[PDB]
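Shown next as structure tokens: one chain only, the form deposited in one PDB entry.
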């Protein structure tokens, strides 16, 4: 031989000076690329007179960054800790990442940026809204609260609360929206005709105060017996006293609440406003029976025109 040929390309290295052929006596140098390393340092060779480059034992491998697989209270995502890999971080519920959430292993074999740590999310003590009191509240980390902890507010007597009464410690370290407590008033409730109404002996009625209604015999409420002063300044309802109905026939089987009853029994004392029943009517043609409805409305009940009073449409087969 008279010249050495182009030197072989080894895995993660560079050769210098890189030429396609060399005169015996010229020198080349193999180095690992930045970020890799090899047992034995760099290797130098002189082209020999035979024109054959000698055996190259250079073996370049990536620098390894210090072990970073364990993040207290969190998780690390990774494949290997070698140049030039990246590792990412995240924290368990309740903690926040104090630092960068990703890091790369550098040419120098250091992590960049520096590795983070997880830390507990906390909220300082909540502030108490204007006309309220703090019912349910207890610190769980020094004088502060932990993530998802809660505090519960209760308004002062005569005040209505607007917005949830419960707050939670969030991840941004503050609590969720606070509620407000305004005082609310209701006008006195009106006495219903044929009835009476009762309510506390105060000169003024506030939120949550209650009134109860009653009727004189022969009448009944067409609403709830008890009513409340609501947060919007009006009452939950204003029932009135409606007239009862005398039973409209002397004897008859009717359907009352999907069930047969003898009208003059079930309604011994009259039918209340609202009460609905179904009379039985006979279809002379098909010799069977159907029912028409009727309802007591403030003292009147219209008995279906087809109804006949006492062989009993009640005892005839259905259509």
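Residue numbers count along the first chain shown, from 1. We call the rigid core the largest set of C-alpha positions that still match within 1.5 Å between the two forms.
Below: the form deposited in another entry, not depicted.
When the two forms are overlaid on the rigid core, CA displacement between this form and the one not shown of 2 Å or more is confined, within 49, 261, 272, 288, to 49. In the core-superposed comparison between this form and the one not shown, the C-alpha atom of residue 304 has shifted by less than 2 angstroms.
For residue 252, a C-alpha deviation below 2 angstroms is recorded between this form and the one not shown after rigid-core alignment.
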